[PDB]
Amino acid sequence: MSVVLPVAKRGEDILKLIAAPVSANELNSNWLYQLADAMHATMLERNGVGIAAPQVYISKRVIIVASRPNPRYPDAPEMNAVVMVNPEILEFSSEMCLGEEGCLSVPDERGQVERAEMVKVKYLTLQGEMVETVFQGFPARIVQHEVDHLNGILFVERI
C-alpha cells in the first residue's frame, strides 16, 4: 500500500482537458487524502517540485507545490509541500521572470518559459479550509505550471 502512479505523456488527450473542481463530498475524505498521498509519492519518486492530478490520469483540480533544492534547481527555496484543492490564481504580477522548466508529461524536452514573478492564489486545503496566499519567484512559477495542467496547457505551449 504505497503507490507510484503512471504519468500521461504529451500526445494523450487527458492532458488537454479542463479538470473538474473537487466537490464538497471529497473534502476531508480518505479518498482525497489517498489521492493526494499517491500524487505526492509520484512526485517524489521522480524528483519533481510539483505535480498536477491530470498528469496521473485524475481529471480533477488538485496540485502540489513542493519546491526544494536539488541538482536541477540549486537555488530552489525550501518550503513545506502544499497540496492545493481547487486552486485559483487571483492575480499575476505584470513583472515577468524567465524560468527553466521540465515536466514529467513532456519527456526529454525542457526549456525557458516566461512566468509572472508573483501570484496571489486561493485554494482549499485537504481538510477543506479556504486559504489565500502569495507566491514569489520559483514557487510562483510552480503554481503557474500546475494550474496550467488543470486548464489543459503544457509548458511548451508558452514558448
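One rule holds for the numbers: they count along the sequence shown, beginning at 1.
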query: 66-74 versus 110-118 - which carries the larger mean C-alpha B factor in the record; finding: 66-74
query: Mean temperature factor over C-alpha atoms, higher-scoring stretch between 88-96 and 49-57; finding: 88-96
query: Relative C-alpha B-factor of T42, binned into the chain's lowest, middle or highest third; finding: lowest
query: Ranked against its chain, the third holding the CA B-factor of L32; finding: lowest
query: Within-chain third of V4 by Cα B-factor, per the entry; finding: middle
query: Chain thirds of CA B-factor: placement of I153; finding: lowest
query: Where the record places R141 (Cα B-factor, split into thirds across the chain); finding: lowest
